[PDB]
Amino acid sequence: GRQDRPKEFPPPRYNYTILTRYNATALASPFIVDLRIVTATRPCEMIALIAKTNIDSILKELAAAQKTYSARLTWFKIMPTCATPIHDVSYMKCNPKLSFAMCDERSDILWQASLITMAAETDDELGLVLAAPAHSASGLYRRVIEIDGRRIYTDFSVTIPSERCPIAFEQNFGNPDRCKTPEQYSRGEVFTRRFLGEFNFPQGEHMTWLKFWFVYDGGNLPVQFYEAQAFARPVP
């Protein structure tokens, strides 16, 4: 069945409008937290950075306040001296009675360009799936959710084996053009629109193509994407 390209896709959860012109403010610095563990046990795994957040607490506050809000989602890979934004979306005109990112408007759906065919958001748009990342994708990933000025942080400690994966692709996450120093964030000099590419397919279609491309390359699709576990406190 791997031959047949898909032609029907899950219907989107909400019909938004993409404001192609919207110039977001400079990125708030990611250098300051809930820590999740993601470790691959084999080469060429499809891994999932998924983690629930007590955010519906915040949206109930906004919903009772009868206030529609703007928000923002950004994924960073954190290096020892810099941080690379790899996925970024701005949201506006959100009804707080709905789920996050079910908003009337949004910026371009922005990605590090070489990630387009190797990554996608999960169904609730808050998680990130990586198809066969290389060993160099090991490290620390930080999800920053911005909702009405407040910021929720989630860290993912990701382990990829060093055995070569024949379908992996080197992402050079630490290249200085995309790996921004703490100063560049502080001076307000980091604008995702300038160096991240757009890919405005809805998540349902992006994910559908990611799975089809991965299996077509010979990957083994997991039965189920699982929430990344919190770091395990020791057992006496």
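One-based numbering along the sequence shown.
**Q** If I compare the deposited sequence with the modelled residues, how many are absent between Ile32 and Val33: none, 1 to 3, 4 to 9, or 10 or more?
**A** 4 to 9 residues lack coordinates between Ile32 and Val33.
**Q** Between 98 to 106 and 112 to 120, name whichever shows the higher mean Cα B factor according to the PDB entry.
**A** The stretch with the larger mean CA B-factor is 98 to 106.
**Q** In the PDB record, does 61 to 69 or 177 to 185 carry the higher mean Cα temperature factor?
**A** So the stretch with the higher mean C-alpha B-factor is 61 to 69.
**Q** Please say which third, lowest, middle or highest, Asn54 falls into when its CA temperature factor is compared across its chain.
**A** CA B-factor rank for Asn54: highest third.
**Q** Report the third (lowest, middle or highest) to which the CA temperature factor of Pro166 belongs, ranking only the modelled residues of the same chain.
**A** Ranked within chain, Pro166 CA B lands in the middle tercile.
**Q** Place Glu125 in the lowest, middle or highest third of its chain's C-alpha B-factors, as listed in the PDB entry.
**A** Middle third.
**Q** Looking at the temperature factor on the CA atom of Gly219, which third of the chain's modelled residues does it land in?
**A** For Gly219, the deposited C-alpha B-factor lands in the lowest third.
**Q** Which third of the chain holds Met92 when residues are ordered by C-alpha B factor: lowest, middle or highest?
**A** It falls in the top third of the chain.
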